[PDB]
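Below is one structure, written out as structure tokens; the observations come after it.
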Number of protein chains: 8
Amino acid sequence: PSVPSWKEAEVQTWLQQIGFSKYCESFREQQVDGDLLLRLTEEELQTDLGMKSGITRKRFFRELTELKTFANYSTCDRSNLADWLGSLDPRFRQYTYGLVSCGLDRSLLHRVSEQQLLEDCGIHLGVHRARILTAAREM
Amino acid sequence: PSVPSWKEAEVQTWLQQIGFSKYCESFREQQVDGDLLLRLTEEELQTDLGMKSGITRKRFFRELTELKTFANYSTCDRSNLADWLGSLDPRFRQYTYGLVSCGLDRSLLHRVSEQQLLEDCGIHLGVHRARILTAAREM
Amino acid sequence: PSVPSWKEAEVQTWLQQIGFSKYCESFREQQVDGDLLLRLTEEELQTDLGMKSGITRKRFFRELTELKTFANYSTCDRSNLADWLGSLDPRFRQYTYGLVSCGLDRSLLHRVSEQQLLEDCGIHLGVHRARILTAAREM
Amino acid sequence: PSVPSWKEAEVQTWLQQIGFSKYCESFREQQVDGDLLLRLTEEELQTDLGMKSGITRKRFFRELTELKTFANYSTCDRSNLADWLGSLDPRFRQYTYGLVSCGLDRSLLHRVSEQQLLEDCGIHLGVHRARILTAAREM
Amino acid sequence: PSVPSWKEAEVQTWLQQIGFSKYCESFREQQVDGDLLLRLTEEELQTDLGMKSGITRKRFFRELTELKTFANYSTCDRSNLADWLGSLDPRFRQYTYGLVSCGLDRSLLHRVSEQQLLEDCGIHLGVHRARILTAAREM
Amino acid sequence: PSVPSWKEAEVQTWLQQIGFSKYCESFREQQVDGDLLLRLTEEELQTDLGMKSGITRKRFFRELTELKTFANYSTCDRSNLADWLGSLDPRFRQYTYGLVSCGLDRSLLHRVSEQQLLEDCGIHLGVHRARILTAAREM
Amino acid sequence: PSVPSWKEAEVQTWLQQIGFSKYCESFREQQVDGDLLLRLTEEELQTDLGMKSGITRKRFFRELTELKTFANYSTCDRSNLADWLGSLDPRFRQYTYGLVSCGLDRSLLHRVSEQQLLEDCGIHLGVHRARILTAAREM
Amino acid sequence: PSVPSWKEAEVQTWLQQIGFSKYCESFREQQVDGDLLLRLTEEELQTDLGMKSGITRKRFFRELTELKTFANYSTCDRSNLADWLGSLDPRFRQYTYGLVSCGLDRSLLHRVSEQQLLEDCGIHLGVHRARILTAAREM
């Protein structure tokens, strides 16, 4: 909760909680705060955060998805896209920060393309992208 | 059975059972649990798990397919896709975890594309993908 | 005969018979049994089995084709595709294991594409693929 | 404010303010003034300014976006595109210098293509590009 | 004559006859018999047979074409494609083994594509391929 | 003024004036006169003139654009394209030498393609190219 | 004259005549006779004949074109394509050996494609290929 | 004048005249005569003539263009394309040798394609190619 407003110290605490204390050192070197944590990628992990293991990256991204599914986005979500995504599918709430970081709100969702969701918003599952796109044009 | 809920120790036991004790060490280094075992790939095997042999990877994937064909998915399969796939073909039950990990259930199967099955769900045989796709549009 | 049920020792015996005792050592290192022998490729030979000679790979694949032409597939061929392929052409019987390993039987042959035969079933001769495809749509 | 008219010293002061004193040295080596600061890229940062961290580049670009959102463009913006972009979206004001550096004003915005916005004007978010393009053809 | 049934020793004798005694050693290392001689390629020559000279490969392929033009194919040519090709053009008789190795006979020639002749049958001259294809559809 | 007729010494004087004395040495090594200065590129700068800095290349090209905007082209501009470009936009006068070096005059401007402007004339801004092309077809 | 029947010694004599005695040694190493001389390429020259100079290759190909323009092809030209090509253009007689080596005669010239002339016959000038093709369809 | 008939010594004299005495040595090593001088390229200069400077190559090609503009082509230009090109544009006379070396005369100019002018004739400016092509179809 209030992950978007997390500073570096909260990231260290969460990394210690989820079993990534070694990479807690690495993150503290790179000054990763809540915004950068919520907008992290595979390439950034590999090049900057010392995560050279694909399996360990998968476990970390599972834990990051778990954190994004239960985060509080009241600070950044004016249109309240979090419950919209959750109503679509409870596991779709993890895309809230990716959507709002693009400037997207509930109003302009109907003009969002699949390429935009893939690239600018960071939704990588084609099955998930289709369901979000389908509901977007429905409204 | 209950492979989706396996921790690391069950993976070690299964690896010892199927003749991969050397790679049991390697898996224990990479902390592979049941979810990661069911969602394993060739690239992950090669880069992270020390399996540099294509023939040995083939034998391991045969044994993994055997395990996925007889696994219990009651924890993760709410729509019970396992018996649906088995009714399609008894050897199609191995794709249950790949399908449910995508968020797919019995309801949205008719909108699944072949590209989605190839990429997001991990079905690599084109013959198998066509039969699943054909039955999906039939219902 | 009963090549699909061959263990490693039968592979060693056959390799000794066909003049590949040096590679009999290499195969025993890689634990190649009958299923892996029938599903072998050029890339697997080169990378895993020490066969760095293209000419020697050609001779080995001639001998493998001879073995596949006279193998007994009663264990794996429920629809009895072996005599169907032989009736098409006596040299087409070598593709029986490649076809049945895909889950294909006599019923679904009419929906098989040329891309599927090339990739999933391993038929590499375009002339052979066309004749199999032509007879498939005929029935 | 008056970022477009900043010399090197103002860049050093801003870099010290935003937590980039080490890179303040690097910028002073490369003589980066306000125009070059407003027209900076990822490639220029990496090759010329010693910023080898993708995460640190992300933080720097967040701070650069914050500075561009509140800069005064009265010197270079004759048609006053800054308030036009702000009326479109308050976070769109950061593109003012990229647009005016191309010679664009309010008059010729309706002939601007998406490729032009991506390449010549430096707008990298596809979602942002679409909204600017949509409003451009509207007027 | 009876080149398709040549063993290694006949290949050594022919290589000595045509001025390739050094490469006679190399061929004896690679166990090239009549079938492999008739189905030889540029890549196989370079990688396996020590023929690193393009000019020497050209001379060897001239001599191989001369041998294929006057070989006896009674053992392998049931439909007697040799005189058919010779009637088309006396220099077309060299393609008999390439055609029959594909399983092609006089009956199925009308369904043979140019891609098939280029790849599976090994006819590399586009002018020669067109003339064979033209006569194939004529009958 | 009279930049097209500048010899090497005037280039040295201008380089000293604009803050590039180190590269004044480098230019004097490469014998860059006014014609070569007006027809300079990024690749030529990097490979021949020691300008390995992208930021420094940007500053140099700003100063080169300033010089081209106020140069006198009476020697080479028979059709007087300089005031035509200036009437289009005062910052378009920098393209005069690039246009006249191609042999272009006011008469044949209507047949000039965008590819020609990009490649032969050296106009790299797509926004600038479109405006020049639009006015070209207008007349 | 009678270049198609030249052995190695005549090639040495011609090379000495045309100023390539050093490469006369190189050719004698590679056993280049008249047929190989008339069917020589740039790649063969570079890789096998020690001609690493593009300018020297150009001079050698000028001299080879001069020799091919005045060669006697009575041995190989049954349809007498040499005077046909000469009637088309006196400098087109150099393509006689390239055409006849493909099996082409005067009869089948009308079915020859531009791709065939470029690849199988070795005519590299597009202007020359068009004129030969145009006259081919005319007859 | 009479550049097409220049031997090596005239090339040395011209190179000394135009300020390329160092490369006069290099040309004398490569035996560049008038025909090779008139048919020179960037790649040949770089690889064979030691001209590793792009700027120096540009100056040399300016001087070569000046020489080609005032050369006498009476020996090679039977149709007198030189005055035709000069009438098109006085700076188009430099393409005379490139055109006549292709076998082109005034008669077949109307069938010349832009690809042919770019590749076989060596006209590299798209603006120049279009004007030559336009006048070619006009006649």
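Here, A, B, ... name the chains of the structure tokens in the order displayed, residue numbers run from 1 inside each chain, and ligands are numbered from 1 in the same displayed order.
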
TODO: Find the residues near region 113-129 of chain F: any atom within 8 Å, counting only C-alpha atoms, skip ones fewer than 5 places away on the same chain, and give them as a list in words.
DONE: residues 102, 103, 104, 112, 116 and 120 of chain D; 92, 95, 98, 99, 101 and 102 of chain F; 125, 126 and 127 of chain H

Task: Contacts of residue 56 (chain B) at 12 Å (only C-alpha atoms; same-chain gap of 2+ positions) as a PyMOL selection string - done: (chain B and resi 18-20+23+42+45-46+50-54+58-63) or (chain C and resi 27-33+36+44+47-49)

File of the preceding selection, C-alpha atoms, as a PDB file, in the first residue's frame:
```pdb
ATOM      1  CA  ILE B  18      13.452 -39.095 -12.711  1.00  0.00           C
ATOM      2  CA  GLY B  19      17.248 -39.420 -12.865  1.00  0.00           C
ATOM      3  CA  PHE B  20      18.420 -35.790 -12.614  1.00  0.00           C
ATOM      4  CA  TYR B  23      20.627 -31.118 -11.962  1.00  0.00           C
ATOM      5  CA  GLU B  42      14.474 -24.413 -23.005  1.00  0.00           C
ATOM      6  CA  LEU B  45      17.160 -24.659 -18.671  1.00  0.00           C
ATOM      7  CA  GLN B  46      20.235 -23.830 -20.755  1.00  0.00           C
ATOM      8  CA  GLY B  50      23.288 -26.086 -16.507  1.00  0.00           C
ATOM      9  CA  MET B  51      21.469 -28.271 -19.032  1.00  0.00           C
ATOM     10  CA  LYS B  52      23.767 -27.786 -22.023  1.00  0.00           C
ATOM     11  CA  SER B  53      22.693 -31.038 -23.709  1.00  0.00           C
ATOM     12  CA  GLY B  54      19.868 -30.873 -26.231  1.00  0.00           C
ATOM     13  CA  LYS B  58      14.626 -33.610 -24.555  1.00  0.00           C
ATOM     14  CA  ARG B  59      14.612 -36.406 -21.962  1.00  0.00           C
ATOM     15  CA  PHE B  60      13.903 -33.927 -19.167  1.00  0.00           C
ATOM     16  CA  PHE B  61      11.030 -32.411 -21.139  1.00  0.00           C
ATOM     17  CA  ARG B  62       9.600 -35.877 -21.775  1.00  0.00           C
ATOM     18  CA  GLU B  63       9.615 -36.484 -18.028  1.00  0.00           C
TER      19      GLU B  63
ATOM     20  CA  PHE C  27      25.527 -42.040 -27.632  1.00  0.00           C
ATOM     21  CA  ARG C  28      26.025 -43.978 -24.395  1.00  0.00           C
ATOM     22  CA  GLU C  29      27.313 -40.752 -22.851  1.00  0.00           C
ATOM     23  CA  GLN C  30      24.115 -38.962 -23.925  1.00  0.00           C
ATOM     24  CA  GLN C  31      21.770 -41.835 -22.950  1.00  0.00           C
ATOM     25  CA  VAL C  32      20.059 -42.048 -26.357  1.00  0.00           C
ATOM     26  CA  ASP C  33      17.244 -44.615 -26.263  1.00  0.00           C
ATOM     27  CA  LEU C  36      15.432 -40.278 -28.977  1.00  0.00           C
ATOM     28  CA  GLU C  44      21.385 -32.762 -32.017  1.00  0.00           C
ATOM     29  CA  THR C  47      26.108 -30.514 -30.837  1.00  0.00           C
ATOM     30  CA  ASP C  48      25.594 -33.523 -28.554  1.00  0.00           C
ATOM     31  CA  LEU C  49      26.839 -36.645 -30.340  1.00  0.00           C
TER      32      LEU C  49
END
```

Open item on the list: Can you pull out the residues contacting region 77-79 of chain F? Cut-off 9 Å, using only C-alpha atoms, and skip same-chain residues under 4 positions away; I want them as a PyMOL selection string.
Closed with: chain F and resi 73+96-97+100+105-107

- [ ] Please measure the separation of CA of residue 71 (chain H) and CA of residue 90 (chain H), giving the value in Å to one decimal.
- [x] 12.5 Å

Open item on the list: List the spatial neighbours of residue 74 (chain H) as a list in words - criterion: any atom at most 12 Å away, only C-alpha atoms, same-chain residues fewer than 6 positions off excluded.
Closed with: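 Contacts, with the query itself left out: residues 1, 2, 3, 4, 5, 80, 81, 82, 83, 96, 97 and 100 of chain H.
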
Open item on the list: Calculated over only C-alpha atoms, which of the candidates C:75, C:137, C:64, C:57 has the smallest distance to chain E?
Closed with: C:57

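Of note, CA of residue 39 (chain E) and CA of residue 11 (chain C) are spaced 27.4 Å apart.
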
Open item on the list: Please return, as a ChimeraX atom specification, all residues of region 57-128 of chain C that DSSP assigns to helix (DSSP H, G or I) on the basis of the backbone.
Closed with: /C:57-69,81-88,90-101,107-111,114-119,126-128

Open item on the list: Using Å and a single decimal, report how far CA of residue 94 (chain C) sits from CA of residue 76 (chain C).
Closed with: 13.9 Å
